[PDB]
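Single chain ahead, written as structure tokens, the form deposited in one PDB entry.
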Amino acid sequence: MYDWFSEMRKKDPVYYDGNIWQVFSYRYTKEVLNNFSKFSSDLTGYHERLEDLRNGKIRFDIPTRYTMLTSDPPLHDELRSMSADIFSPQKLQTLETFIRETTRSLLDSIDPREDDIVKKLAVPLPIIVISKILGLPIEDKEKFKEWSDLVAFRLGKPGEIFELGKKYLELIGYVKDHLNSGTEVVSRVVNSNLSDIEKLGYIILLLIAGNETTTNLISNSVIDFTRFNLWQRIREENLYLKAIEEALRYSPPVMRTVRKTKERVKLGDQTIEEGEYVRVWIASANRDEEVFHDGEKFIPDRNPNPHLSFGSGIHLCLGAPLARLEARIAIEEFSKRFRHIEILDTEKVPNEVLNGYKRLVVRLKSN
């Protein structure tokens, strides 16, 4: 999205729209994210219903209502502790070869005359890698993409009421069916004596929730490097690491997130009542000129680059080192295999939270 928020960011960085509060500046976006005690993520009934989950009174419910993402400490910390080591530097270092190979195998199926980079590269790569990490097999590639979209859409509407549909029911059945093929962190979850619903929620968060966002990081990067004609400079000056960070800043896969106030609290010059929703715009914060000099310019070797695209504070994205690594390898291999990219057509994901491409059609030259 174009940076609409400059003036808001300047003159109304904390704004009540008649329904909720919206936050546009970096200072107050970061402040909200880090102050978990005043700005709660308990938006989906998890703390409220924890007793009835554990004692079994709730049998049929939405698993993604009960994950670490919509919990506060101590609950949040108890849950996240269980998978804190899942993407450790040592684990990712050994995985690099598999990610590079998967990437190359995906590039092998691209038709240079015309092909959809979303379909051929950006969608399959995260799905294949996370399946490998968790030891949960991809039986039906189609269903995995459907699950990835569905879950991402749902996470984007916390507290909103959606009955389980046919597809989500199939996802649940898959997870139930494949528990014991999982690697260590899946085992920890199954052996934990968390409620069944929580176990489902937790596994689905790890297996599925990171796919659509990482897919969009990859597409957004291809878009940005092409738009600003940066491929040769990225190759020549080895800017892959910093260029992915600039893509994250400039085109965040997650545009915004939301909190609910636990008490009356002051934010900037505004007083926000207890129980109010506070929507925080990562996309706008990332262009804040008081933090990012020439913030409307795409600078592939920008540094420092303290963007908020993975959040900030206790919910800082658990997947961040994996998503960074996947996107860097995807771009490296893409930049190595092809030259002279020309974009033929694009189509945006129709979503206000999820920022990415449904279609990215390109023409390429080999070598």
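Note that the rigid core is defined as the largest set of C-alphas that superpose within 1.5 Å between two forms. Numbering starts at 1 and follows the sequence shown.
*Asks:* Quick one: say whether 231-239 or 120-128 has the higher mean Cα B-factor in the deposited entry.
*Replies:* Per the PDB entry, the higher value belongs to 231-239.
*Asks:* Would you determine, from the values in the PDB entry, which of 96-104 and 170-178 has the greater average C-alpha temperature factor?
*Replies:* Stretch with the higher mean C-alpha B-factor: 170-178.
*Asks:* Using the entry's values, work out which of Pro74, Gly201, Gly275, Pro253 has the largest Cα B factor.
*Replies:* The record points to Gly275.
*Asks:* Which has the highest CA B-factor per the PDB entry: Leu207, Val190, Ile197, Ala285?
*Replies:* Among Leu207, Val190, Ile197, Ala285, the highest C-alpha B-factor in the entry belongs to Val190.
*Asks:* Based on the deposited C-alpha B factors for this chain, I'd like to know if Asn305 is in the lowest, middle or highest third.
*Replies:* Within its chain, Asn305 is a lowest-third residue by C-alpha B-factor, going by the deposited values.
*Asks:* Which third, lowest, middle or highest, does the CA B-factor of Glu48 fall in along this chain?
*Replies:* Within its chain, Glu48 is a highest-third residue by C-alpha B-factor, going by the deposited values.
*Asks:* By the record's CA B-factor, is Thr214 among the lowest, middle or highest third of residues in the chain?
*Replies:* As the PDB entry reports it, the C-alpha B-factor of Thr214 lands in the lowest third of its chain.
*Asks:* Would you mind ranking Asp61 by its C-alpha B-factor against the rest of the chain and naming the third, lowest, middle or highest?
*Replies:* Its C-alpha B-factor belongs to the highest third of this chain's values.
*Asks:* Quick one: classify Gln90 as lowest, middle or highest third of the chain based on its Cα B-factor.
*Replies:* Top third by C-alpha B-factor.
Here the subject shifts to the form deposited in another entry, a form of this protein not shown in this document.
*Asks:* Have a look at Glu139, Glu184, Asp108, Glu237 and give me the residue whose C-alpha moves 2 Å or more between this form and the one not shown, with the fit done on the rigid core.
*Replies:* With the rigid core superposed, the residue that stands out is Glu139.
*Asks:* After the core is matched up, is the C-alpha of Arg154 off by 2 Å or more between this form and the one not shown?
*Replies:* Indeed, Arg154 is displaced by 2 Å or more.
*Asks:* Determine whether the C-alpha of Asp269 shifts by 2 Å or more between this form and the one not shown once the rigid core is superposed.
*Replies:* No, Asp269 moves less than 2 Å.
*Asks:* With the core lined up, does the C-alpha of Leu164 move 2 Å or more between this form and the one not shown?
*Replies:* Yes.
*Asks:* Regarding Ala327 and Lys157, go with closer or farther for their CA spacing in the other entry versus this form, the difference being 3 Å or more.
*Replies:* Farther apart, which means the C-alphas of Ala327 and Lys157 are at least 3 Å more distant in the other entry.
*Asks:* Which way does the C-alpha gap of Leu33 and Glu160 go in the other entry, closer or farther, given it changes by 3 angstroms or more?
*Replies:* Those two alpha carbons end up farther apart in the other entry.
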